[PDB]
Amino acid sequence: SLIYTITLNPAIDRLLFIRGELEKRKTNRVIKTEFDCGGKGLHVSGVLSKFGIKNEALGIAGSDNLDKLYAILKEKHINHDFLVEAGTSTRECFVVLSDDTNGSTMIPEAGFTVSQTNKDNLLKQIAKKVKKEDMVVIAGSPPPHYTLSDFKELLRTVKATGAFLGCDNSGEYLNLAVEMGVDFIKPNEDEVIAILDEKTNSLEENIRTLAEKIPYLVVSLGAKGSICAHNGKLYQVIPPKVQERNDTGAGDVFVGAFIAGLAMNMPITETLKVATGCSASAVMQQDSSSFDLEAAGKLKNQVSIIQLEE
């Protein structure tokens, strides 16, 4: 079986290293420039490849900087079968950070216009490639003019294959994934509340209710960890405390590692420890997408899981 990621709006992440804080309305000299691939689906693929789990990245990239994107992907051991949009470039996201500080400032370009030809080609690729035994992870917002109905077509095309379908999305796109019955989502608490438009039940009751439509539900609670609902059970996941450097993109690492755990047929509790361990390792790294596999192994074994009753 295989794992496919779908990155509707990939990016070349340009990391701009400066001295000290970013000062607005001032000149902030770049000490060094580094390049990474962006778009959540690509981060997920990078994580899976780090686990040695076979996967293929799908999405739509621009022809004009395609050589640059492919060289980065090769560097990150990401196998892909991207569709190419002629006469455009994959967007850049500018990531302003410092060796001297914590966190990063994200300045992303929006993305290009995907042709109906390529929208259709994506749907066809899914039909031709994806089997019932595979997993498909759609991660990241669509580019401008890739509409809600486009996204509906996409979800249903995956669903018709019988494959496991995970969605790491936000806003209206996340609302759709719930309505249409995907297998996995990773909303935060406010997203759970917004999806249900429910203001007076406990968060735990909201999660148990949302679990009636989502078989693998992980709710992020920021620093406090996660609550996962699976098979009528509810798990509180508490991460180890770590020296935090930058939590940007740690959510994508969690997704990659969680899917990895599932693909390795790990029990849900072990999968949650693996995902949380990798995510905690990522928070310790200054960049957006990376994590330390050996440190993640140790942090996995410092995660506590409590089953919540009733």
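In case it trips you up, residue 1 is the first one in the sequence shown, and so on.
Engineer: Going by the mean C-alpha B-factor recorded in the entry, which is higher: 120 to 128 or 223 to 231?
Structural biologist: In the deposited entry, the stretch with the higher C-alpha B-factor mean is 223 to 231.
Engineer: Going by the average Cα B-factor in the PDB entry, point out whether 244 to 252 or 37 to 45 comes out higher.
Structural biologist: Between 244 to 252 and 37 to 45, it is 244 to 252.
Engineer: Specify which of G103, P142, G162, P187 carries the largest Cα B factor in the deposited PDB entry.
Structural biologist: When the deposited C-alpha B-factors of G103, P142, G162, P187 are compared, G103 is largest.
Engineer: Take the CA temperature factors straight from the PDB entry and tell me which of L154, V192, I72, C167 peaks.
Structural biologist: When the deposited C-alpha B-factors of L154, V192, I72, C167 are compared, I72 is largest.
Engineer: By the record's CA B-factor, is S290 among the lowest, middle or highest third of residues in the chain?
Structural biologist: Ranked within chain, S290 CA B lands in the highest tercile.
Engineer: Is the Cα B-factor recorded for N206 in the lowest, middle or highest third of its chain?
Structural biologist: Tercile = lowest for this residue's CA B-factor.
Engineer: For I268, does the deposited CA B-factor place it in the lowest, middle or highest third of the chain?
Structural biologist: For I268, the deposited C-alpha B-factor lands in the middle third.
Engineer: Could you place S115 in the lowest, middle or highest third of its chain by Cα temperature factor, using the values in the record?
Structural biologist: As the PDB entry reports it, the C-alpha B-factor of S115 lands in the lowest third of its chain.
Engineer: Among the modelled residues of this chain, does the Cα B factor of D99 put it in the lowest, middle or highest third?
Structural biologist: For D99, whose C-alpha B-factor we compare with every modelled residue in the chain, the answer is the highest third.
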